[PDB]
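What the coordinates show
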Protein chains: 2
Amino acid sequence: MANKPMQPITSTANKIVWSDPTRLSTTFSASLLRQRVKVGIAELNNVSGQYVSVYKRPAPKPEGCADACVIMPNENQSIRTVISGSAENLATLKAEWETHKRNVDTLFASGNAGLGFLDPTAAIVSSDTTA
Amino acid sequence: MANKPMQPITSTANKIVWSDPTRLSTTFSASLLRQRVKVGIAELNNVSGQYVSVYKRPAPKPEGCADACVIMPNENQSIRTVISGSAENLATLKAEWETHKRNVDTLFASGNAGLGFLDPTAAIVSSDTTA
């Protein structure tokens, strides 16, 4: 009852879907997506990575008749993240890791998604650049 | 020389692109993308959020002739993340925040993007569910 590890449900490749029985109830897979190598004449390997996960949580009560009176609520969420780029990606990733977490952390603390809008004081900061 | 804050270049709406002069020199445009309501008969507000980023860092020094001579390299990265879902999203996000960080943190520590492939020991864990 501490960690919430997920397990696959029939799959064997670079695109395997994972899910839990009663942990998160989520289900999805994550694979790499190499493409869009714009601006890259000089020899430079191309790296990328895509990960998507869905979260579903329907009402507890059972089903019934949906005609006169029926109330069967359900939750539906989806998260998609993709990152691609030349070899330099391995470097931008480390910086983007703490940057994508801070930029989104400050946007939720200053802005409000409940209205699909943000404030003019969107002061976002990045991890770093060098020492 | 501590924080790397970003600023807009020219915009005024829910979709504005920010960047820095020398800090990161990368363009980032955030915008709310509401869609795909899916199973959601019961009254439940719809929330979402999409964020796009574009990293660019070309080799130093000026340009020259690109025919019988050698050209300078250039780095190019891109990060796209989007999340949508009913009101439950507000709660799911909190959990997905630490989950998307650990799931991706363990995938990079166990797997290798350099080969666009991962290992069979992809033991990913989620934040939590309840107490």
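Residues numbered from 1 in each chain as written, not as in the entry; some residues may be left out. Chains lettered and ligands numbered in written order. Heavy atoms only, no water.

The deposited coordinates for this entry were obtained by solid-state NMR.

1. Concerning the relation of the copies chain B and chain A
Aligned on chain A, chain B shows an RMSD of 0.4 Å; the corresponding rotation is 180 degrees and the shift along the axis is 0.0 Å. Seen this way, the second copy is the image of the first under a two-fold rotation axis. When each C-alpha of chain B is compared by its distance to the rotation axis, B:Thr81 comes out closest, at 2.1 Å. Mapped onto chain A, 90% of the interface residues of chain B again fall at the interface, so both copies present the same surface. (Least-squares fit on C-alpha atoms. Contact = heavy atoms within 4.5 Å.)

2. So, the nonpolar core
Counting 9 residues, the largest nonpolar core is built from A:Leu107, A:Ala122, A:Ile124, B:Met6, B:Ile16, B:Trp18, B:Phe28, B:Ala30 and B:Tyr51. Core analysis: the next-biggest nonpolar cluster, separate from the first, contains 7 residues, A:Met6, A:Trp18, A:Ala30 and B:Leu107 among them. (Core = buried A, V, L, I, M, F, W, Y, C linked by side-chain atoms within 4.5 Å. Buried < 20%, exposed > 50% of the residue type's maximum accessible area, 1.4 Å probe, protein only.)

3. Examining the layout of surface pockets
Residue and element names in this part refer to chain B. Its boundaries defined by the atoms lining it, the second largest pocket holds a volume of some 1100 Å³. Broken down by element, the residue count for the lining of the second largest pocket peaks at 10 residues, all from strand β6 (residues 74-86). In the lining of the second largest pocket, the residues fall into 16 nonpolar, 19 polar and 7 charged. (1 Å grid on protein atoms, 1.4 Å probe; cavity = no way out; pocket = protein on both sides within 12 Å on 5 of 7 lines; lining within 4 Å. Points joined across faces, edges and corners; volume = space filled by probe spheres on them. Helix = DSSP H or I, 4+ residues; strand = E, 2+ residues; numbered from the N terminus. Nonpolar A, V, L, I, M, F, W, Y, C, P; charged D, E, K, R; others polar.)

4. A closer look at the sheet that holds strand β4 (residues 27-31) of chain B
The strands making up a sheet are joined through hydrogen bonds of the backbone, oriented either antiparallel or parallel. The 10 strands are arranged β2(A)-β3(A)-β4(A)-β5(A)-β6(A)-β6(B)-β5(B)-β4(B)-β3(B)-β2(B) in an open sheet whose pairing can be described as antiparallel. Lying at the two open borders of the sheet, with one neighbouring strand each, are β2 (7-8) of chain A together with β2 (7-8) of chain B. Judged from the 3 bridges that link them, strand β3 (residues 17-19) of chain A and strand β4 (residues 27-31) of chain A form a sheet pairing that is antiparallel. Counterpart to A:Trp18 in the pairing with β4(A) is A:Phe28. (Pairing = 2+ DSSP bridges.)

5. Notes on a nonpolar patch on the surface
A grouping of A:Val70, A:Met72 and B:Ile41 is seen on the molecular surface, where their side chains present a nonpolar patch of about 260 Å² in accessible area. Position of A:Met72 among the secondary structure elements: in the loop between β5 (46-58) and β6 (74-86). (Patch = residues over 30% accessible without salt bridge, like charges linked within 9 Å, V, L, I, M, F, W, Y side chains within 5 Å. Areas by Shrake-Rupley, 256 points an atom, 1.4 Å probe, with all protein chains shown as cover. Salt bridge = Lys/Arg side-chain N within 4 Å of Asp/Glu carboxyl O.)

6. Description of the interface of chain B and chain A
The interface is formed by 62 residues belonging to chain B together with 60 residues belonging to chain A. Taking both sides of the interface into account, the surface hidden between chain B and chain A amounts to around 5700 Å²; carbon and sulfur atoms contribute 61%. Taken together, the connections running from chain B to chain A amount to 0 salt bridges. In this structure, the connection of chain B to chain A is made through 16 residue pairs in polar contact. Where the side of chain B that touches chain A is concerned, the elements lending two or more residues are β1 (4-5), β5 (46-58), β6, α1 (88-110) and β7 (125-126) of chain B. In the side of chain B that touches chain A, the residues fall into 30 nonpolar, 21 polar and 11 charged. Sheet analysis places strand β1 (residues 4-5) of chain A next to β7(B), joined by 2 bridges and oriented antiparallel. Pairing of A:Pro5 across the sheet is with B:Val125, part of β7(B). (Buried area = accessible area lost by both parts, 1.4 Å probe. Polar contact = N/O pair within 3.5 Å; in protein donor to acceptor, adjacent residues only side chain to side chain.)

7. What about the side chain of A:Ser126?
Its location among the elements puts A:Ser126 in strand β7 (residues 125-126). Leave out the neighbours within four places in its chain, and A:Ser126 touches A:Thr99, A:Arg102, B:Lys4 and B:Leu24.

8. Observations regarding the environment of A:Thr121
Along the chain, the position of A:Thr121 falls in the loop between α1 (89-110) and β7. In this structure, the C-alpha to C-alpha distance between A:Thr121 and A:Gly111, residues 10 residues apart in sequence, is 8.5 Å.

9. Quick look at the pattern of salt bridges
All names here are of chain A. Following the criterion strictly, the structure yields 1 salt bridge over all chains and no others. Linking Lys101 and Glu98 is a salt bridge whose minimum nitrogen-to-oxygen distance equals 3.8 Å. Note that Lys101 and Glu98 are positioned in helix α1 at a spacing of 3 residues, about one turn of the helix. Among the residues examined, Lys101 registers a relative accessible area of 34% and is labelled partly exposed.

10. Quick look at empty space enclosed by the protein
In this structure the tally under the stated criterion is 2 cavities of 30 Å³ or more. For the largest cavity, the calculated volume is near 190 Å³. If you trace the largest cavity, you find 17 residues lining it, with A:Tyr51, B:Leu107, B:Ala113, B:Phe117 and B:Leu118 closest to the centre. Elements with a contribution of two residues or more to the lining of the largest cavity: β4 and β5 of chain A together with α1 of chain B. The element best represented in the lining of the largest cavity is β5(A), accounting for 4 residues. Taken as a whole, the second largest cavity holds about 50 Å³ of empty space. Lining the second largest cavity, in full, are A:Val47, A:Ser48, A:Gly49, A:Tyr51, A:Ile83, A:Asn89, A:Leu93, B:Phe108 and B:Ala113. The set of elements that each furnish at least two residues to the lining of the second largest cavity consists of β5 and α1 of chain A. Among the elements that line the lining of the second largest cavity, the one with the most residues is β5(A), at 4 residues. A class-by-class count of the residues in the lining of the second largest cavity yields 6 nonpolar, 3 polar and no charged.

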